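For reference, protein20.txt (compact mmCIF, C-alpha atoms):
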# COMPACT_ATOMS: atom_id res chain seq x y z
CA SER A 1 -12.99 29.03 -5.80
CA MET A 2 -11.45 31.46 -8.37
CA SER A 3 -8.87 33.71 -6.62
CA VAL A 4 -9.96 32.28 -3.16
CA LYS A 5 -7.59 29.70 -1.67
CA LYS A 6 -7.19 27.95 1.71
CA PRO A 7 -3.70 28.40 3.26
CA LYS A 8 -0.91 26.29 1.53
CA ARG A 9 -0.15 22.97 3.50
CA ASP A 10 3.62 22.20 3.05
CA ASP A 11 3.85 19.13 0.77
CA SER A 12 7.60 19.42 -0.12
CA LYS A 13 8.63 16.50 2.13
CA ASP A 14 5.75 14.14 1.17
CA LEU A 15 7.86 12.12 -1.37
CA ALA A 16 10.61 11.47 1.16
CA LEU A 17 8.27 10.64 3.96
CA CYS A 18 6.13 8.14 1.79
CA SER A 19 9.51 6.50 0.79
CA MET A 20 10.37 6.08 4.52
CA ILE A 21 7.00 4.55 5.28
CA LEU A 22 7.32 2.14 2.32
CA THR A 23 10.83 1.09 3.57
CA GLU A 24 9.35 0.27 6.98
CA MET A 25 6.56 -1.84 5.30
CA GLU A 26 9.21 -3.60 3.06
CA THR A 27 11.28 -4.64 6.12
CA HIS A 28 8.40 -5.87 8.36
CA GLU A 29 8.57 -9.62 8.96
CA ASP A 30 4.98 -10.12 7.74
CA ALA A 31 5.62 -8.30 4.37
CA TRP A 32 6.51 -11.56 2.49
CA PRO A 33 3.09 -12.10 0.79
CA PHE A 34 3.22 -8.50 -0.59
CA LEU A 35 6.83 -7.92 -1.76
CA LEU A 36 6.29 -9.02 -5.41
CA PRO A 37 3.38 -9.27 -7.85
CA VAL A 38 1.24 -12.43 -7.50
CA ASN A 39 2.24 -14.84 -10.32
CA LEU A 40 -0.85 -14.84 -12.57
CA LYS A 41 0.32 -17.96 -14.43
CA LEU A 42 0.73 -19.97 -11.23
CA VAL A 43 -2.17 -18.90 -8.97
CA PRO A 44 -5.54 -20.11 -10.17
CA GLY A 45 -8.39 -17.64 -9.94
CA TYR A 46 -6.20 -14.54 -9.27
CA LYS A 47 -6.30 -12.99 -12.69
CA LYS A 48 -10.11 -13.13 -13.04
CA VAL A 49 -11.05 -12.28 -9.53
CA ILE A 50 -8.58 -9.42 -8.63
CA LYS A 51 -9.22 -6.69 -11.08
CA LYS A 52 -6.38 -4.41 -9.94
CA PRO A 53 -3.31 -6.33 -8.61
CA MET A 54 -0.91 -4.29 -6.47
CA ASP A 55 2.27 -5.10 -4.44
CA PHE A 56 5.10 -3.23 -2.60
CA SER A 57 7.62 -3.55 -5.49
CA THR A 58 5.12 -2.00 -7.95
CA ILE A 59 4.43 0.84 -5.49
CA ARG A 60 8.22 1.37 -5.06
CA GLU A 61 8.70 1.66 -8.84
CA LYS A 62 5.70 4.07 -9.22
CA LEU A 63 7.04 6.21 -6.32
CA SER A 64 10.56 6.37 -7.77
CA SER A 65 9.33 7.43 -11.29
CA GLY A 66 6.86 10.26 -10.36
CA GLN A 67 3.76 8.28 -10.99
CA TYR A 68 1.98 9.40 -7.71
CA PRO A 69 0.55 12.93 -8.14
CA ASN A 70 0.01 13.35 -4.38
CA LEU A 71 0.23 11.50 -1.04
CA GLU A 72 -3.47 10.30 -1.25
CA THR A 73 -2.91 8.35 -4.50
CA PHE A 74 0.09 6.63 -2.69
CA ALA A 75 -2.19 5.58 0.28
CA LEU A 76 -4.89 4.27 -2.15
CA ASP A 77 -2.34 1.79 -3.71
CA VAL A 78 -1.05 0.66 -0.26
CA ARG A 79 -4.70 0.02 0.86
CA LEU A 80 -5.38 -1.81 -2.45
CA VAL A 81 -2.71 -4.35 -1.51
CA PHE A 82 -4.64 -5.17 1.72
CA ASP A 83 -8.10 -5.07 0.16
CA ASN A 84 -6.95 -7.54 -2.49
CA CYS A 85 -5.49 -9.80 0.22
CA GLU A 86 -8.85 -9.85 2.16
CA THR A 87 -10.75 -10.59 -1.12
CA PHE A 88 -8.68 -13.72 -1.87
CA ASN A 89 -7.52 -15.09 1.52
CA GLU A 90 -9.41 -16.44 4.55
CA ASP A 91 -8.95 -14.32 7.81
CA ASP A 92 -7.75 -17.55 9.53
CA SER A 93 -4.69 -18.22 7.28
CA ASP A 94 -1.12 -17.08 7.56
CA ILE A 95 -1.54 -14.68 4.55
CA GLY A 96 -4.95 -13.43 5.82
CA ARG A 97 -3.42 -12.58 9.24
CA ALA A 98 -0.36 -11.00 7.60
CA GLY A 99 -2.65 -8.63 5.69
CA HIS A 100 -4.52 -7.50 8.75
CA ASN A 101 -1.27 -6.93 10.69
CA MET A 102 0.33 -4.90 7.84
CA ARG A 103 -2.79 -2.74 7.33
CA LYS A 104 -2.73 -1.90 11.08
CA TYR A 105 0.98 -1.07 10.94
CA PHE A 106 0.52 1.15 7.85
CA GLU A 107 -2.47 3.11 9.23
CA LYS A 108 -0.61 4.05 12.41
CA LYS A 109 2.50 5.25 10.54
CA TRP A 110 0.20 7.21 8.21
CA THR A 111 -1.64 9.04 11.06
CA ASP A 112 1.58 9.67 13.04
CA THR A 113 3.42 11.09 10.02
CA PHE A 114 0.67 13.23 8.38
CA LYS A 115 -2.45 13.67 10.72
Encoded form (C-alpha cells):
Amino acid sequence: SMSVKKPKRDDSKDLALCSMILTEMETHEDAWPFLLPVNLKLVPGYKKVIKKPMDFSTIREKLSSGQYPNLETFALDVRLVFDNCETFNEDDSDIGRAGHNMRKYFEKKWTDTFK
C-alpha cells in the first residue's frame, strides 16, 4: 500500500531473457505454423472465429519496440498463439500436435528461467 512495498525483484534482465526464449521457440522444428500471421484472405473462417490473432513474428516486433510493459504481458501473447491453435485445429493433425509440443517447450523454459 502507500509507502509499504515488498522487496524489489530484479527485472533488469527480463527483456534479454524473453528475447532468448523467443529465439529458441523461433528455431524449434515444430515452429512453422506459428512463424508468420495466418493469411486472413486465404484461410476461411479465421478472421471471424479468432478474435485476437498472434504469431512469433508479431511478438518479436512488439518485443523489439517496447510494447511489452512486463514479462507477464509477453507470456500472455505466447500462450495466445497456442490457445488460438487449439481453437482452430483438431488435436490429431500435424498443426494441432505442433501446438501442444510448442506450448510444452515454452512452459518449461519459462519455469526454468524465471520460477
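Considering all atoms listed in the file, the residue among A:89, A:11, A:56, A:67 positioned nearest to residue 28 in chain A is A:56.
Distance annotation: of A:30, A:24, A:107, A:94, the residue with the minimal separation from residue 76 in chain A is A:107; atom set is all atoms listed in the file.
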Please, which residues in range 17-51 of chain A fall within 9 Å of range 80-85 of chain A when counting all atoms listed in the file, and what is the closest atom pair and distance in Å to one decimal for each, ordered by chain then residue number, as a tab-separated table?
residue	atom	partner	partner_atom	distance
A:33	CA	A:85	CA	8.9
A:34	CA	A:81	CA	7.3
A:50	CA	A:84	CA	6.6
A:51	CA	A:84	CA	8.9
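For the residues A:113, A:3, A:23, A:12, ranking by smallest atom-to-atom distance to residue 60 in chain A using all atoms listed in the file places A:23 first.
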My list of candidates is A:95, A:18, A:25, A:36. Which is closest to residue 63 in chain A when distances are computed with only C-alpha atoms?
A:18
If you measure from CA of residue 8 in chain A to CA of residue 77 in chain A, what distance in Å do you get, rounded to one decimal?
25.1 Å
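Proximity to residue 39 in chain A was assessed for A:54, A:15, A:4, A:75 counting all atoms listed in the file; the smallest distance is recorded for A:54.
Of the residues under consideration (A:20, A:43, A:49, A:102), A:102 shows the shortest atom-to-atom contact distance to residue 78 in chain A when counting all atoms listed in the file.
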Hey, can you check how far CA of residue 97 in chain A sits from CA of residue 114 in chain A?
26.1 Å
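Taking CA of residue 27 in chain A as the reference point, CA of residue 108 in chain A is found at 16.0 Å.
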Centre, edges in Å (one decimal): axis-aligned box, range 55-64 of chain A, 5 Å padding on all six sides, as AutoDock Vina command-line options:
--center_x 6.4 --center_y 0.6 --center_z -5.9 --size_x 18.3 --size_y 21.5 --size_z 16.6
